[PDB]
Structures are given as C-alpha cells and as structure tokens.
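Okay, structure first, notes after.
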Number of protein chains: 6
Amino acid sequence: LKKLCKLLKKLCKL
Amino acid sequence: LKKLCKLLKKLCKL
Amino acid sequence: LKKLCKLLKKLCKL
Amino acid sequence: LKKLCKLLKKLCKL
Amino acid sequence: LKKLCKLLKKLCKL
Amino acid sequence: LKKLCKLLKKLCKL
C-alpha cells in the first residue's frame, strides 16, 4: 500500500 | 466506469 | 483529473 | 491484477 | 470516496 | 508507472 500510493502520487504529480 | 477509465487513461499519458 | 487526484490523495492518507 | 485489486480493496476500507 | 470506491470495486469484479 | 498503467489499462478493458 505504501508503494502503490507513491506511484499514484507520481502519476498525479506528472 | 467509462468516465473513470478515460481519466485514468489521461493520467497514464504522464 | 484534479478532482480524481484529490480523491486519490485522500484515499492514500486514510 | 489480483494483487492490485486486493490493494484497492484495502485502500477502500478507509 | 464512497462513489470512487464503488467504481473501483466494479472495475475489479470486472 | 509503466507496469501500473498497464494494469489500469487491462482493468479498463472490463
């Protein structure tokens, strides 16, 4: 869940 | 689901 | 997109 | 896909 | 978040 | 992100 959320965070920041 | 998937597709254009 | 990412942010903070 | 959906389900327990 | 999670649930059941 | 987006695309094939 920590890894998925950081990827979602990167997806939204891009 | 059509709208959501459209938005996810746009996110995945990065 | 802005709304979706705000929701994903909240989901991930929960 | 099975792991991702399991993670999404967990996220959605809020 | 309720609506989004209902959509993600539907996406994951397929 | 490439892997996550591939999974989201497949999920969106429904």
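Ligands are numbered from 1 in the order shown, chains are lettered A, B, ... in the order of the structure tokens, and residues start at 1 in each chain.
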
Selection: 12 Å around range 6-14 of chain B, only C-alpha atoms, excl. self and same-chain fewer than 2 positions, as number ranges by chain: A: 7-14; B: 1-4; C: 1-5, 8; E: 8; F: 1-13

Output the selection as a PDB file, in the first residue's frame - C-alpha atoms for each residue.
```pdb
ATOM      1  CA  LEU A   7       3.100   5.575  -7.611  1.00  0.00           C
ATOM      2  CA  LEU A   8      -0.375   7.131  -7.575  1.00  0.00           C
ATOM      3  CA  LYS A   9       1.217  10.279  -6.168  1.00  0.00           C
ATOM      4  CA  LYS A  10       3.763  10.361  -9.010  1.00  0.00           C
ATOM      5  CA  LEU A  11       1.011   9.721 -11.561  1.00  0.00           C
ATOM      6  CA  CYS A  12      -0.904  12.734 -10.270  1.00  0.00           C
ATOM      7  CA  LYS A  13       2.162  14.982  -9.985  1.00  0.00           C
ATOM      8  CA  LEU A  14       3.017  14.282 -13.632  1.00  0.00           C
TER       9      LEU A  14
ATOM     10  CA  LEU B   1     -16.719   3.327 -15.468  1.00  0.00           C
ATOM     11  CA  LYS B   2     -16.347   4.900 -18.903  1.00  0.00           C
ATOM     12  CA  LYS B   3     -15.577   8.315 -17.417  1.00  0.00           C
ATOM     13  CA  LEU B   4     -13.224   6.915 -14.763  1.00  0.00           C
TER      14      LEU B   4
ATOM     15  CA  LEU C   1      -8.201  14.886 -13.252  1.00  0.00           C
ATOM     16  CA  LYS C   2      -7.746  17.442 -10.463  1.00  0.00           C
ATOM     17  CA  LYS C   3     -10.763  16.076  -8.596  1.00  0.00           C
ATOM     18  CA  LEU C   4      -9.713  12.440  -9.130  1.00  0.00           C
ATOM     19  CA  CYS C   5      -6.198  13.127  -7.867  1.00  0.00           C
ATOM     20  CA  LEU C   8      -6.685   9.512  -4.567  1.00  0.00           C
TER      21      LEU C   8
ATOM     22  CA  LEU E   8     -13.078   0.686  -8.275  1.00  0.00           C
TER      23      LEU E   8
ATOM     24  CA  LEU F   1       4.433   3.610 -13.626  1.00  0.00           C
ATOM     25  CA  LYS F   2       4.595   1.640 -16.873  1.00  0.00           C
ATOM     26  CA  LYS F   3       3.518  -1.522 -15.052  1.00  0.00           C
ATOM     27  CA  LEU F   4       0.814   0.253 -13.022  1.00  0.00           C
ATOM     28  CA  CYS F   5      -0.573   1.907 -16.152  1.00  0.00           C
ATOM     29  CA  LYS F   6      -0.610  -1.454 -17.996  1.00  0.00           C
ATOM     30  CA  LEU F   7      -2.684  -2.929 -15.168  1.00  0.00           C
ATOM     31  CA  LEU F   8      -5.092   0.047 -15.177  1.00  0.00           C
ATOM     32  CA  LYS F   9      -5.462  -0.281 -18.952  1.00  0.00           C
ATOM     33  CA  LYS F  10      -6.244  -4.012 -18.667  1.00  0.00           C
ATOM     34  CA  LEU F  11      -8.679  -3.360 -15.826  1.00  0.00           C
ATOM     35  CA  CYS F  12     -10.376  -0.762 -18.050  1.00  0.00           C
ATOM     36  CA  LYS F  13     -10.864  -3.361 -20.801  1.00  0.00           C
TER      37      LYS F  13
END
```
